[PDB]
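Architecture at a glance
Each chain, written out:
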Amino acid sequence: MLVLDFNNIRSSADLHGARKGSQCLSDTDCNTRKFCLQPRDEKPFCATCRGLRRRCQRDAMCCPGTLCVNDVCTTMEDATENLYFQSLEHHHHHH
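Residues numbered from 1 in each chain as written, not as in the entry; some residues may be left out. Heavy atoms only, no water.

Going by the header, the method for this PDB entry is solution NMR.

Backbone geometry at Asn70 places phi at a positive 55°, although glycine is not the residue there. Looking at the element boundaries, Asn70 is found in the loop between β3 (66-69) and β4 (72-75). With phi around 65°, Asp71 is a residue other than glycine that occupies positive phi space. Relative to the elements of secondary structure, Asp71 occurs in the loop between β3 and β4. Overall, the relative accessible area of 46% leaves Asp71 in the partly exposed class. (Helix = DSSP H or I, 4+ residues; strand = E, 2+ residues; numbered from the N terminus. Buried < 20%, exposed > 50% of the residue type's maximum accessible area, 1.4 Å probe, protein only.)

Looking now at the state of the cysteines. Per the counting criterion, the structure on display carries five disulfides. Between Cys62 and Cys73 runs a disulfide, and the two sulfur atoms are separated by 2.0 Å. With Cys62 in the loop between β2 (45-46) and β3 and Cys73 in strand β4, this residue pair connects regions lying eleven residues apart in the sequence. When its relative accessible area of 3% is taken as the criterion, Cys73 is described as buried. If you count the bonded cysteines of the protein from the N-terminus, they pair up as 1-3, 2-4, 5-8, 6-9, 7-10. (Disulfide = S-S within 2.5 Å.)

This is the structure in structure tokens:
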């Protein structure tokens, strides 16, 4: 007359964690391919990638893989100053 038993012990409750008085400390806080712009007139926040048409102030301000020229984003293939001169290869030959 002994009914089968297992344990009967259902009890779970422990979830918490949230404290931040800011938007972001660095770009790493953002999604992935985004930089955390921090204006002097405005507050810091997560910005979106900047295109070749988008304006910039620094090299890091623009997305990874581009340069900031004339306050505007530009491809690495475009931004190329002081190229190599070179000429040709010297080689003699005779009998």
